[PDB]
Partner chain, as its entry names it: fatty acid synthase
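Just the one chain here, laid out as structure tokens, in the form deposited without its partner chain.
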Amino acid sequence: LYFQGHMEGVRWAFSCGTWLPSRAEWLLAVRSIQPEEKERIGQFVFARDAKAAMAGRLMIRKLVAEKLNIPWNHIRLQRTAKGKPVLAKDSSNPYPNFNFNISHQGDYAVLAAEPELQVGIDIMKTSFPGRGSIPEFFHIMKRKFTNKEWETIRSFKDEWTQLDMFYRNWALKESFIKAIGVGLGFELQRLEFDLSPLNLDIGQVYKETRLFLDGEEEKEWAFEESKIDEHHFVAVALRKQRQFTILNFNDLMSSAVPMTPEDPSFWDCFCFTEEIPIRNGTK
């Protein structure tokens, strides 16, 4: 009809864990986001958490700028009372059902967006418990997975593969929870995932896992599963192609423009994990 591209699904990842901006680059990223968002970033204690939060902010603005063609300096993002980032309804937007979601853990921040399908995303890093054993960890987490889920988790011989499968199952549940907006009080026991296939190759995307909610198959929901590296798993939930693209900082800054003057108090104000011994959690 018009001489115009059409938005498709977006699947982006950014390794904030390996991102080492110069001072100028960090302070420019800080200028390029909304003031109240910069304020949130300033609240973080550790550099790695600020970096991850920043990444998510830049990916969203990049998404909106480049896929909805809203000038960067005109993008108006907001948060639900529950805290979820959303695009202002006052549009410049031909996609009513446009939506996005973001997540971060370990070394990665990730974004999923869709023109029409409702979307949720969660990423998790497999790592050995900060305190206690793996069986002790499964016991703490026991109430959140069903009998069939646990049998599948424990079906493997080594506890690492079990821990890996556990994190996968947990990322699936969070992807759904984040898609529907229910948050913290939602009983995970109500979600039962049938994980297929049992083993995932790094980089590839799988779409065979099914969800049963309150004992009935949710046929209107699909789930895309990707191991982005050997230790990070991403689940994207979708209600009615898909490989993640890893971006760098230049990519995040492609449509960026400063919105606030440079603020040097956003330098030297964060802790770094190199100055502490990593213990009991990851801190």
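Residue numbers count along the first chain shown, from 1.
Just so you know, the form solved in complex with its partner chain exists too; it's not on screen, but the next bit is about it.
Proximity to its partner chain in the entry with it bound, taken as a non-hydrogen atom within 4.5 angstroms, holds for one residue of 72, 150, 206, 137, which is 137. Among 126, 146, 162, 105, the residue placing a heavy atom within 4.5 Å of its partner chain in the entry with it bound is 105.
Though the partner is left out of this view, residue 167 does reach within 4.5 Å of its partner chain in the entry with it bound, counting heavy atoms only. Using a 4.5 angstroms threshold between heavy atoms, residue 43 counts as touching its partner chain in the entry with it bound. Using a 4.5 angstroms threshold between heavy atoms, residue 184 counts as touching its partner chain in the entry with it bound. Although the partner is absent from this view, residue 131 contacts its partner chain in the entry with it bound, with a non-hydrogen atom inside 4.5 angstroms. With the partner omitted here, the stretch from 74-82, 198-206, 87-95, 169-177 that lies within 4.5 Å of its partner chain by heavy atoms in the entry with it bound is 169-177. Residues from 220-234 do not approach its partner chain in the entry with it bound: none has a non-hydrogen atom within 4.5 Å of it.
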